[PDB]
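J.: Can you keep this structure in mind? I'll have questions shortly.
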Amino acid sequence: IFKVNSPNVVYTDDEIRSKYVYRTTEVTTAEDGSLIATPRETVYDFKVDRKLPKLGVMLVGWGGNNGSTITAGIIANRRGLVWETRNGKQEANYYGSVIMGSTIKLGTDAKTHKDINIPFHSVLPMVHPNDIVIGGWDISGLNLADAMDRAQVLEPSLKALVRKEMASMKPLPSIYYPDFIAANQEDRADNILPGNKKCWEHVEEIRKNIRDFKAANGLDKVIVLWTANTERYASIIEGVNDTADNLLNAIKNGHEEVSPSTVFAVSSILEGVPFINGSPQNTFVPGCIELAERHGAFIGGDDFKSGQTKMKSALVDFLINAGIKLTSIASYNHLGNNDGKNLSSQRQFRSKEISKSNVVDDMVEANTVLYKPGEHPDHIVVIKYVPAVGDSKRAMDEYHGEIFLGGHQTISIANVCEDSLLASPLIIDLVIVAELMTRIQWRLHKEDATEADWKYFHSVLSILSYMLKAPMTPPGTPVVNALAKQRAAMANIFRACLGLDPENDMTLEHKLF
Amino acid sequence: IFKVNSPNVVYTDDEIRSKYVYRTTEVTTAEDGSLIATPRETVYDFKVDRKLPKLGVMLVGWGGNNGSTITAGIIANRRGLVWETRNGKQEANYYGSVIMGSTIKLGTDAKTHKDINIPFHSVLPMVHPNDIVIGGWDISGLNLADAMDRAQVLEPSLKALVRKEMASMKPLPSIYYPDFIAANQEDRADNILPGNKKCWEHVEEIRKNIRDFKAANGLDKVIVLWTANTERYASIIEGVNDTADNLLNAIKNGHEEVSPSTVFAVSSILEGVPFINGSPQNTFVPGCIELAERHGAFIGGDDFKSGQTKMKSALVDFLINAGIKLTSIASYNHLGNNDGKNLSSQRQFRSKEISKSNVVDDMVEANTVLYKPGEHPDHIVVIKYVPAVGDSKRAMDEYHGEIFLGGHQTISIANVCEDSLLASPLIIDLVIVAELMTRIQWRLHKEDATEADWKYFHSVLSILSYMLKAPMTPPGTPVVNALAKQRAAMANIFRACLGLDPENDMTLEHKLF
Amino acid sequence: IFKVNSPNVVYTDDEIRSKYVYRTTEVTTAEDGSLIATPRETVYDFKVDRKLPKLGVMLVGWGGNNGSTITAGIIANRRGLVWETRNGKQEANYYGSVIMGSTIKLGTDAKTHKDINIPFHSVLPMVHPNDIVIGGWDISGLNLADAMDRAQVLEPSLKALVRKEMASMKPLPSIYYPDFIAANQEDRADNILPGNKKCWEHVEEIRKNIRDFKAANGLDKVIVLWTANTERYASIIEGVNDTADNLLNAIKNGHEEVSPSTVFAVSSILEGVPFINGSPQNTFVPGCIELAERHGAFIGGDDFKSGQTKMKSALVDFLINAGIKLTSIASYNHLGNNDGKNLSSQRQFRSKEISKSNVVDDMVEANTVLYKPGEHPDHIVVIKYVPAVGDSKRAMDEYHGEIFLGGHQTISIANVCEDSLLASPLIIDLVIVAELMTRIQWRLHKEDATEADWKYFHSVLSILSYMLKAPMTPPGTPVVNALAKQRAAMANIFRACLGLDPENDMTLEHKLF
Ligand SMILES: NC(=O)c1ccc[n+]([C@@H]2O[C@H](COP(=O)([O-])OP(=O)(O)OC[C@H]3O[C@@H](n4cnc5c(N)ncnc54)[C@H](O)[C@@H]3O)[C@@H](O)[C@H]2O)c1
Ligand SMILES: NC(=O)c1ccc[n+]([C@@H]2O[C@H](COP(=O)([O-])OP(=O)(O)OC[C@H]3O[C@@H](n4cnc5c(N)ncnc54)[C@H](O)[C@@H]3O)[C@@H](O)[C@H]2O)c1
Ligand SMILES: NC(=O)c1ccc[n+]([C@@H]2O[C@H](COP(=O)([O-])OP(=O)(O)OC[C@H]3O[C@@H](n4cnc5c(N)ncnc54)[C@H](O)[C@@H]3O)[C@@H](O)[C@H]2O)c1
């Protein structure tokens with residue numbers, strides 16, 4: 001633990017009221033066409049609620065690969081289970097999680113002159129993942145022990161320990177619209193609500209399920225996470241999905257271009273729970289976003305940045321920030337789970353391909369020294385279904401680049417990654433950060449500020465962009481896709497609630513003496 | 001171009017006098033063992049000399065692979081030469097250079113709400129690489145056109161254009177101490193000064209050469225860069241190399257444990273020119289550093305971070321900052337130039353292995369959540385001599401990591417990199433940044449400050465750490481090895497001389513509205 | 001099953017007496033320097049003993065990685081055990097074995113015109129691996145269940161089934177000469193016979209152990225296989241190891257340059273059991289071979305061709321037989337078992353490096369169109385100890401080649417191979433083929449041949465060369481290292497005992513009609 005010694009930071013047993021000075025640079029164009037840089041300061045008052053709630057996560061796709069892996073891993077970490085591998089004994093951990101497995105720099109030691117590093121989870125009052133309750137919906141009624149055996153992700157020794165408690169968990173019936181997921185997912189749907197079309201009864205039932213989850217479990221806050229199959233893009237039609245009331249009427253009129261995910265998101269917005277989409281499909285259409293802003297409900301980005309895309313975000317940033325001109329990026333993946341079986345259809349593969357292909361455009365528009373306006377590298381993404389490899393995704397990347405005097409650099413990467421074991425800690429990170437963001441309020445520093453001036457963060461949580469492949473940002477704002485930039489954004493926003501200045505890495509006390 | 005509109009920044013035609021507030025966090029231990037974080041502010045006055053000098057670089061190892069590549073590339077960029085490749089026409093560029101091929105963010109647009117990115121070279125008044133004069137010493141008297149043909153790095157079409165002017169360049173005689181480089185480099189030395197041992201006449205001759213370079217060329221500033229063969233570690237002996245006067249006496253007494261690089265560095269310190277070591281050997285012993293601090297001469301780090309080590313700095317940082325526990329790093333390189341031939345000896349390979357192996361220790365000591373005190377991954381580095389591959393170094397990396405619930409991640413990387421084409425822009429970056437650092441002065445902001453209170457940066461230039469594999473820091477300070485951290489340090493130090501605040505990446509104007 | 005309908009093949013319930021015509025080509029130099037090719041025919045009589053013996057294998061290094069894996073796998077296949085993996089249910093098999101997992105072509109169908117393929121194990125009367133008895137010596141007294149847990153090769157579910165029967169197996173004490181294996185293997189030796197030097201009592205004890213194994217178990221034939229640590233090369237000294245009697249005197253005189261493996265081989269030759277060396281060290285010195293020929297004892301080659309070397313034998317053959325000039329071969333391996341720990345010493349790594357480096361010389365001497373006399377590619381082999389990877393050896397190969405008009409081909413291979421699971425079926429293959437070779441006799445076809453003219457194959461079994469990295473051939477004969485050639489040799493020699501002609505692959509009945 002640590003505390004901040006500053007007149008600007010006031011600690012109360014319920015609140016961490018703090019004063020912060022946001023310092024930025026504003027650029028305006030001069031008369032002769034040159035740029036003028038002006039330092040700007042905005043004084044902000046931040047309020048952080050110290051009380052930790054009893055948090056529940058509702059998973060849409062509970063019986064999937066990722067959902068079963070999560071519920072098993074939370075049980076394993078909560079009980080401190082030790083199991084047997086060929087190498088010997090294995091203990092439960094939260095590796096692969098930036099919040100639960102990484103540290104950030106607090107400051108420099110006065111005496112030793114060395115850096116003080118504290119866990120990322122300990123910066124702000126945050127909910128511990130061991131106490132997270134899981135539930136939700138699935139079109140397949142298989143219990144989560146049998147779902148665990150279907151997934152083929154976990155070792156038999158661990159499954160033996162977690163099977164007794166995971167056999168009592170059965171997902172609630174969900175909604176199946178046949179048009180949106182692949183034709184080979186017909187035989188999977190046995191636990192489905194009455195109706196293959198879009199209706200207002202589905203919204204009522206989903207709201208009832210969220211209510212009953214919170215009531216029966218005894219939870220203070222609920223979060224809904226979409227971990228279901230990738231869907232096809234729902235066409236944007238004027239009068240159907242372009243406005244909150246238009247969409248609310250389209251649900252009742254039973255229009256044939258409303259995704260199941262949109263029904264879940266609408267139910268979440270009407271019940272006041274945050275909704276995070278873990279799939280590349282366009283769950284939030286114009287009208288879902290406006291309904292979220294009209295009600296004050298928090299909504300997150302799309303997809304999960306776990307594996308080849310995370311390393312791509314690191315590498316493209318590193319290579320373009322070093323002066324190497326990337327001309328080709330070729331991503332090849334083949335996998336043999338139900339995720340790859342659903343993406344074997346073109347209409348459902350297109351969404352994932354679009355999500356994977358749009359991670360490098362911001363980095364190539366930032367480097368105007370290498371890339372001319374309109375110059376983009378050849379970015380190809382291929383995903384194939386190989387049933388024999390199972391959950392072990394094999395990714396092959398070829399990065400082709402141009403260097404000094406026309407030289408050629410080629411970087412070939414072979415990644416053997418367990419998909420579910422790389423996305424589960426991301427879900428933990430998403431829920432923990434979203435719960436924290438529901439507990440932070442802000443206002444402008446005035447000499448007569450009242451309690452009525454407290455405001456929340458914008459309904460679209462871009463602070464989750466570290467864990468999201470296709471970040472969703474507030475309407476009209478740019479998108480940040482660099483991994484280091486997103487991690488720094490999260491860390492510095494967390495430090496701003498403590499009145500601490502952002503990390504600059506200059507270290508002038510070691511250079512000027 | 002751009003200008004800063006701020007009362008703290010005053011622009012004169014010769015100076016950029018600016019006022020900056022260095023904001024950091026200081027950590028002190030409380031009585032009950034907890035940590036206390038206190039915001040600290042140090043007010044600094046920075047003075048930047050706007051006048052650009054005529055800069056000359058003296059290369060020790062001019063006829064090597066890297067030196068010939070540099071002199072050819074500077075000619076190619078200066079003349080704007082276009083040559084023929086199989087793919088068609090190729091123009092000269094400075095790709096692979098962070099200063100000449102990358103951009104940094106200046107600020108946000110007032111109207112568009114989009115980011116303004118300006119070239120890294122345009123942030124501060126900096127010397128253009130097209131105007132850099134080259135010269136120096138080599139033990140081989142071959143002219144640099146024949147040295148270019150010996151190197152086997154450049155295409156015949158480019159060599160045809162640059163051969164006429166590169167055949168008039170002949171390196172000055174150098175000093176050859178047989179004990180320090182490999183036994184297979186005996187036949188290479190034909191241009192050597194009289195003497196196989198350490199003497200004060202060598203210092204006189206090297207100082208004379210630096211003087212004559214500056215006088216004949218008409219230069220305002222000179223920088224010496226060691227681009228010669230990797231040397232063996234010179235033993236630290238009390239009374240020989242532990243003190244500036246002890247070392248100055250050891251040169252005259254002709255002790256047998258003084259490297260040729262130490263003679264070059266001593267000559268540079270006595271003539272007031274900066275010296276940058278581009279090799280893993282310990283050029284600066286205790287006594288060379290003290291002589292540098294006693295005279296005010298600037299000295300740089302060791303080795304060149306070009307290729308597998310740069311990507312290692314990116315990847316290890318990315319993986320450990322994401323919660324993945326690296327257990328094994330295995331670097332394999334084989335190459336067939338004179339660099340690999342000199343490293344075929346164990347005593348000269350040890351220095352490069354030590355330099356390559358110490359890039360990840362700071363990242364594993366920062367993450368106390370994953371690594372216990374004393375826990376280090378298995379880091380192996382292998383370098384082999386394969387004459388058939390030439391300058392094209394083939395690097396194979398295996399990163400083995402532990403992830404959620406005991407999962408295994410393996411990342412296999414095959415890099416085919418032209419060594420000389422990845423290190424030449426690094427040399428340009430080093431000389432440009434070092435020249436700029438010779439033009440920056442600092443002081444503490446007082447109400448009665450005088451002109452006599454202006455001070456330079458510390459003699460050990462750690463701001464070059466981005467381009468250096470084994471960064472040398474001021475005595476008693478920690479070492480930063482993360483690539484993103486070093487680039488951010490350079491950018492934020494450059495912005496501090498303009499009175500601008502460091503980049504925080506928070507973007508609160510897009511989240512709070 | 002199948003039978004041969006031919007007057008040349010006579011089937012008896014105990015013998016398969018057959019007549020074969022060995023057809024080859026002989027080359028003699030003409031007067032004008034040209035070559036003359038003459039067809040030669042040698043008529044051979046082959047006798048194959050149909051009776052299958054009760055076979056026992058004695059392993060030197062029983063408690064090692066490979067020995068424990070073998071004894072466990074034989075139990076698993078014998079009992080037909082099914083265990084649990086993450087993917088589901090796994091049954092026992094003999095995959096990775098050329099005899100037990102591959103087929104050979106018997107002939108063409110008269111009616112269908114399609115090929116008839118029969119299992120390699122069914123060509124000749126051969127011992128089934130399910131009935132093989134295991135035993136032997138080890139310097140470590142740990143039982144083989146605890147040795148199995150030490151090895152970290154097998155899944156916990158399989159180990160649970162095999163642990164009860166593998167805990168009753170304890171290796172006999174062995175002989176430890178400290179000079180020959182690495183200094184870090186001191187603490188491993190607790191089950192050692194009295195004596196750190198070479199003595200005749202060791203031969204008596206080893207012979208007693210072989211006798212008692214056969215007597216107690218009730219076996220008809222015994223084979224000894226060296227699966228112990230790699231040793232250093234024993235110097236060839238005149239009067240010590242250059243003659244059978246010289247070596248027999250050197251054992252008694254206690255010379256300090258006689259390997260432990262030589263003592264085992266000598267004991268085997270004096271007891272009449274075959275000895276196969278599975279390590280790169282020179283077990284058979286001049287004098288051991290002569291003793292083998294003087295007694296009639298069978299001795300095999302050196303090392304195990306399992307993994308990167310097998311693929312190297314395939315690839316180098318394929319590339320050089322296709323017209324591609326290999327200029328560089330770079331093999332990198334790192335592993336973390338006791339094998340890699342013993343090879344961390346230079347004197348013990350040299351033997352493995354020599355064994356791995358000499359697999360391509362025969363292929364480059366066969367292609368006189370590409371390689372001039374004395375032209376050899378750059379062949380580098382690196383083996384490193386990385387304790388974190390365990391038995392999973394990571395091999396990285398770079399094959400660099402020259403193609404049409406000076407083009408460059410590069411082939412980069414990343415192999416993740418379980419070392420013990422690739423060498424265990426090789427040991428099964430070696431013992432099965434060696435037992436068969438002890439049951440085959442030959443003679444020249446004469447009109448008055450008697451029973452006294454029956455002869456055995458030469459004491460040095462080169463027919464095992466498929467499974468051996470460093471093939472040992474009869475003194476004065478060339479070595480075959482191509483994998484396809486060795487497999488074809490084995491198949492055609494097996495078919496020659498059946499009176500069948502070698503496979504030619506011409507298929508003229510489908511081309512001439
Ligand atoms: N590395 C990763 O695992 C990763 C990374 C990025 C994105 N994603 C995305 O996350 C999602 C989950 O991946 P997975 O491998 O766990 O999936 P999966 O293939 O196991 O299927 C998800 C589950 O959702 C269920 N489902 C489908 N439609 C439903 C509906 N309308 N209501 C309720 N349940 C429904 C399916 O029956 C299935 O059990 C996918 O969309 C995938 O594309 C995964
Ligand atoms: N990617 C890279 O190229 C890279 C990266 C990191 C470090 N380095 C280091 O940079 C240096 C230059 O590499 P290179 O491939 O150009 O080297 P190289 O093999 O071509 O040899 C450098 C030159 O220095 C000369 N030399 C040696 N001792 C000398 C002395 N006392 N005085 C004058 N000249 C002397 C040699 O004759 C040779 O011509 C090496 O030490 C190398 O280890 C290179
Ligand atoms: N893929 C492979 O596994 C492979 C391939 C080629 C060659 N080999 C060779 O096969 C051998 C076995 O490999 P491993 O990984 O099973 O070995 P290992 O590292 O497990 O050690 C072999 C065993 O032999 C024992 N031993 C050593 N000296 C002995 C002696 N004098 N008498 C009795 N026991 C003795 C050791 O204590 C150890 O238990 C090694 O020499 C290895 O180099 C293995």
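Residues are named by chain letter and number: chains run A, B, ... in the order of the structure tokens, numbers start at 1 in each chain, and ligands are numbered from 1 in the order shown.
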For residue 198 (chain A), find every residue with an atom within 9 Å (counting only C-alpha atoms), except residues of its own chain fewer than 2 positions away, and show them as a ChimeraX atom specification.
T.: /A:175,177,195-196,200-202,250-260,263
J.: Using only C-alpha atoms, I'd like every residue of chain C that has an atom within 8 Å of chain B; please write them out as an MDAnalysis selection string.
T.: chainID C and resid 327:328 332 378 380 384 386:389 396 400 412 414
J.: Just N, CA and C atoms for this one: save the residues we selected as a tab-separated table (two decimals), in the first residue's frame.
T.:
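The result, stored in result.tsv:
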```
chain	number	residue	atom	x	y	z
C	327	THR	N	25.24	-24.16	-49.64
C	327	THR	CA	26.44	-23.47	-49.21
C	327	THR	C	26.55	-23.33	-47.70
C	328	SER	N	25.43	-23.31	-46.99
C	328	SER	CA	25.45	-23.19	-45.54
C	328	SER	C	24.38	-24.08	-44.92
C	332	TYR	N	20.84	-25.27	-34.87
C	332	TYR	CA	20.81	-24.77	-33.50
C	332	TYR	C	19.81	-25.58	-32.70
C	378	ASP	N	29.44	-24.75	-45.45
C	378	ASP	CA	29.68	-24.30	-44.08
C	378	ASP	C	28.66	-24.97	-43.18
C	380	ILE	N	27.62	-25.76	-39.43
C	380	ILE	CA	27.78	-25.39	-38.03
C	380	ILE	C	26.69	-26.08	-37.22
C	384	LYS	N	22.87	-26.17	-26.84
C	384	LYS	CA	22.91	-25.36	-25.64
C	384	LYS	C	21.97	-25.93	-24.59
C	386	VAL	N	19.28	-25.17	-21.89
C	386	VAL	CA	18.26	-24.27	-21.38
C	386	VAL	C	17.33	-25.07	-20.47
C	387	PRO	N	17.53	-25.01	-19.16
C	387	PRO	CA	16.76	-25.89	-18.25
C	387	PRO	C	15.26	-25.69	-18.30
C	388	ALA	N	14.78	-24.52	-18.74
C	388	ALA	CA	13.35	-24.24	-18.69
C	388	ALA	C	12.54	-25.00	-19.73
C	389	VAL	N	13.15	-25.41	-20.85
C	389	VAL	CA	12.40	-26.07	-21.91
C	389	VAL	C	12.23	-27.57	-21.67
C	396	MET	N	16.41	-25.18	-34.65
C	396	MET	CA	16.27	-24.18	-35.69
C	396	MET	C	17.34	-24.42	-36.75
C	400	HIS	N	20.92	-22.65	-46.64
C	400	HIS	CA	21.17	-21.62	-47.63
C	400	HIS	C	21.71	-22.29	-48.89
C	412	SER	N	14.14	-22.00	-43.66
C	412	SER	CA	14.23	-21.87	-42.21
C	412	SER	C	13.22	-22.82	-41.58
C	414	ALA	N	11.73	-24.53	-37.96
C	414	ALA	CA	11.60	-24.55	-36.51
C	414	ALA	C	10.92	-25.86	-36.13
```
J.: Any chance you could list, as a PyMOL selection string, the residues in region 27-214 of chain A that come up helix (DSSP H, G or I) when DSSP is run on the backbone?
T.: chain A and resi 65-79+98-101+120-122+129-131+144-151+156-166+183-185+200-214
J.: Go ahead and save the residues from that selection, with C-alpha atoms, as a PDB file, in the first residue's frame.
T.:
```pdb
ATOM      1  CA  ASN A  65     -14.116 -21.899 -25.022  1.00  0.00           C
ATOM      2  CA  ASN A  66     -13.324 -18.571 -23.320  1.00  0.00           C
ATOM      3  CA  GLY A  67     -16.218 -18.584 -20.844  1.00  0.00           C
ATOM      4  CA  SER A  68     -15.538 -22.070 -19.507  1.00  0.00           C
ATOM      5  CA  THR A  69     -11.841 -21.248 -19.282  1.00  0.00           C
ATOM      6  CA  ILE A  70     -12.625 -18.081 -17.256  1.00  0.00           C
ATOM      7  CA  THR A  71     -14.983 -19.736 -14.780  1.00  0.00           C
ATOM      8  CA  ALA A  72     -12.496 -22.581 -14.254  1.00  0.00           C
ATOM      9  CA  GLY A  73      -9.571 -20.181 -13.799  1.00  0.00           C
ATOM     10  CA  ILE A  74     -11.417 -18.008 -11.297  1.00  0.00           C
ATOM     11  CA  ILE A  75     -12.243 -21.119  -9.279  1.00  0.00           C
ATOM     12  CA  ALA A  76      -8.612 -22.278  -9.501  1.00  0.00           C
ATOM     13  CA  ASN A  77      -7.194 -18.953  -8.301  1.00  0.00           C
ATOM     14  CA  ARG A  78      -9.860 -18.578  -5.600  1.00  0.00           C
ATOM     15  CA  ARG A  79      -9.138 -22.006  -4.106  1.00  0.00           C
ATOM     16  CA  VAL A  98      -1.829  -6.476 -17.523  1.00  0.00           C
ATOM     17  CA  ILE A  99      -3.667  -5.468 -14.337  1.00  0.00           C
ATOM     18  CA  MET A 100      -2.922  -8.625 -12.328  1.00  0.00           C
ATOM     19  CA  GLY A 101       0.514  -9.426 -13.762  1.00  0.00           C
ATOM     20  CA  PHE A 120      -0.904  -2.189 -11.464  1.00  0.00           C
ATOM     21  CA  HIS A 121      -3.773  -3.625  -9.396  1.00  0.00           C
ATOM     22  CA  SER A 122      -2.721  -1.584  -6.330  1.00  0.00           C
ATOM     23  CA  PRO A 129     -10.811 -11.082  -9.533  1.00  0.00           C
ATOM     24  CA  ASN A 130     -11.091 -13.888  -6.954  1.00  0.00           C
ATOM     25  CA  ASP A 131     -14.505 -12.520  -5.879  1.00  0.00           C
ATOM     26  CA  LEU A 144     -19.786 -26.057 -17.905  1.00  0.00           C
ATOM     27  CA  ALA A 145     -17.903 -29.210 -16.871  1.00  0.00           C
ATOM     28  CA  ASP A 146     -19.063 -30.915 -20.062  1.00  0.00           C
ATOM     29  CA  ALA A 147     -18.440 -27.609 -21.853  1.00  0.00           C
ATOM     30  CA  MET A 148     -14.917 -27.679 -20.397  1.00  0.00           C
ATOM     31  CA  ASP A 149     -14.431 -31.161 -21.845  1.00  0.00           C
ATOM     32  CA  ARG A 150     -15.842 -29.922 -25.169  1.00  0.00           C
ATOM     33  CA  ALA A 151     -13.407 -26.980 -25.237  1.00  0.00           C
ATOM     34  CA  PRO A 156      -7.199 -33.306 -16.897  1.00  0.00           C
ATOM     35  CA  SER A 157      -5.744 -32.813 -13.402  1.00  0.00           C
ATOM     36  CA  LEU A 158      -7.172 -29.288 -13.115  1.00  0.00           C
ATOM     37  CA  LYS A 159     -10.490 -30.324 -14.676  1.00  0.00           C
ATOM     38  CA  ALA A 160     -10.822 -33.069 -12.061  1.00  0.00           C
ATOM     39  CA  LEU A 161     -10.604 -30.481  -9.276  1.00  0.00           C
ATOM     40  CA  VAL A 162     -12.983 -27.939 -10.875  1.00  0.00           C
ATOM     41  CA  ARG A 163     -15.525 -30.391 -12.350  1.00  0.00           C
ATOM     42  CA  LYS A 164     -17.676 -30.833  -9.233  1.00  0.00           C
ATOM     43  CA  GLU A 165     -18.503 -27.128  -8.913  1.00  0.00           C
ATOM     44  CA  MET A 166     -18.615 -26.462 -12.658  1.00  0.00           C
ATOM     45  CA  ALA A 183     -25.360 -22.328 -41.095  1.00  0.00           C
ATOM     46  CA  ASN A 184     -23.265 -25.015 -39.358  1.00  0.00           C
ATOM     47  CA  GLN A 185     -24.334 -23.708 -35.924  1.00  0.00           C
ATOM     48  CA  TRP A 200     -39.616  -6.831 -27.520  1.00  0.00           C
ATOM     49  CA  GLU A 201     -40.281  -9.967 -25.454  1.00  0.00           C
ATOM     50  CA  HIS A 202     -36.605 -10.874 -25.857  1.00  0.00           C
ATOM     51  CA  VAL A 203     -35.613  -7.552 -24.290  1.00  0.00           C
ATOM     52  CA  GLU A 204     -38.030  -8.188 -21.432  1.00  0.00           C
ATOM     53  CA  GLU A 205     -36.616 -11.666 -20.834  1.00  0.00           C
ATOM     54  CA  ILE A 206     -32.980 -10.519 -20.938  1.00  0.00           C
ATOM     55  CA  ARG A 207     -33.739  -7.672 -18.519  1.00  0.00           C
ATOM     56  CA  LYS A 208     -35.493 -10.165 -16.240  1.00  0.00           C
ATOM     57  CA  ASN A 209     -32.422 -12.407 -16.327  1.00  0.00           C
ATOM     58  CA  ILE A 210     -30.082  -9.536 -15.406  1.00  0.00           C
ATOM     59  CA  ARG A 211     -32.419  -8.517 -12.563  1.00  0.00           C
ATOM     60  CA  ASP A 212     -32.650 -12.071 -11.225  1.00  0.00           C
ATOM     61  CA  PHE A 213     -28.886 -12.598 -11.416  1.00  0.00           C
ATOM     62  CA  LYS A 214     -28.296  -9.524  -9.269  1.00  0.00           C
TER      63      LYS A 214
END
```
J.: Of the candidates C:374, C:280, C:107, C:171, which one gets nearest to residue 507 (chain C) if we count only C-alpha atoms?
T.: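 Closest to residue 507 (chain C), using only C-alpha atoms: C:107.
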J.: Region 294-390 of chain A: which residues are strand (DSSP E or B) by DSSP, as a PyMOL selection string?
T.: chain A and resi 299+302+325-335+378-385
J.: Enumerate as a PyMOL selection string the residues within 6 Å of ligand 1, counting only C-alpha atoms and all ligand atoms.
T.: chain A and resi 60-61+63-66+137-140+174-176+227-230+260+278-279+303-306+338-339+419-420+422-423
J.: Quick one: residues within 7 Å of region 49-58 of chain B, only C-alpha atoms, excluding same-chain residues fewer than 6 positions away - as a list in words?
T.: residues 14, 15, 16, 125, 126, 127, 132, 133, 134, 135, 136, 219, 220, 221, 222, 223, 224, 225, 439 and 440 of chain B
J.: Skipping near chain neighbours, those fewer than 4 positions away, what residues fall within 10 Å of region 281-288 of chain B using only C-alpha atoms, listed as a PyMOL selection string?
T.: chain B and resi 180+226+229-237+240-248+258-266+269+276-277+292-294+299-303+348+350-352+354-355+470+472+475
J.: Please identify all polymer residues within 8 Å of residue 298 (chain C), counting only C-alpha atoms, omitting same-chain residues fewer than 4 positions from it, and present them as number ranges by chain.
T.: C: 269, 272-275, 292, 458-461
J.: Go ahead and save the picked residues with N, CA, C and O atoms, as a tab-separated table (two decimals), in the first residue's frame.
T.:
```tsv
chain	number	residue	atom	x	y	z
C	269	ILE	N	31.07	-58.81	-25.97
C	269	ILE	CA	31.73	-59.64	-26.97
C	269	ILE	C	32.18	-60.96	-26.37
C	269	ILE	O	32.11	-62.01	-27.03
C	272	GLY	N	28.96	-63.12	-26.08
C	272	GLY	CA	28.23	-63.46	-27.29
C	272	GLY	C	26.88	-62.79	-27.45
C	272	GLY	O	25.99	-63.36	-28.09
C	273	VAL	N	26.71	-61.59	-26.90
C	273	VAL	CA	25.47	-60.83	-27.08
C	273	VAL	C	25.78	-59.63	-27.97
C	273	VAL	O	26.89	-59.09	-27.93
C	274	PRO	N	24.84	-59.20	-28.82
C	274	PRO	CA	25.07	-57.98	-29.60
C	274	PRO	C	25.09	-56.74	-28.72
C	274	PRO	O	24.38	-56.64	-27.72
C	275	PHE	N	25.93	-55.78	-29.11
C	275	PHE	CA	26.05	-54.50	-28.42
C	275	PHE	C	25.81	-53.38	-29.42
C	275	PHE	O	26.46	-53.33	-30.47
C	292	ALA	N	35.68	-58.37	-31.70
C	292	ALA	CA	34.36	-58.74	-32.19
C	292	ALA	C	34.46	-59.68	-33.39
C	292	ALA	O	33.70	-60.65	-33.49
C	458	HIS	N	28.44	-59.75	-41.37
C	458	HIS	CA	29.65	-59.26	-40.73
C	458	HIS	C	29.33	-58.69	-39.35
C	458	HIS	O	28.23	-58.17	-39.11
C	459	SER	N	30.30	-58.80	-38.44
C	459	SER	CA	30.07	-58.44	-37.04
C	459	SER	C	29.57	-57.02	-36.89
C	459	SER	O	28.81	-56.72	-35.96
C	460	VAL	N	29.98	-56.12	-37.77
C	460	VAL	CA	29.52	-54.74	-37.76
C	460	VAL	C	28.23	-54.67	-38.57
C	460	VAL	O	28.24	-54.85	-39.79
C	461	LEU	N	27.11	-54.41	-37.88
C	461	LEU	CA	25.79	-54.37	-38.51
C	461	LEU	C	25.56	-52.99	-39.10
C	461	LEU	O	25.11	-52.07	-38.40
```
J.: Could you name the residues that touch residue 489 (chain B) at 9 Å or less, counting only C-alpha atoms, but leaving out those on the same chain fewer than 2 positions away, as a list in words?
T.: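 Non-adjacent residues within range: residues 504, 505, 506 and 507 of chain A; 463, 466, 484, 485, 486, 487, 491, 492, 493 and 494 of chain B.
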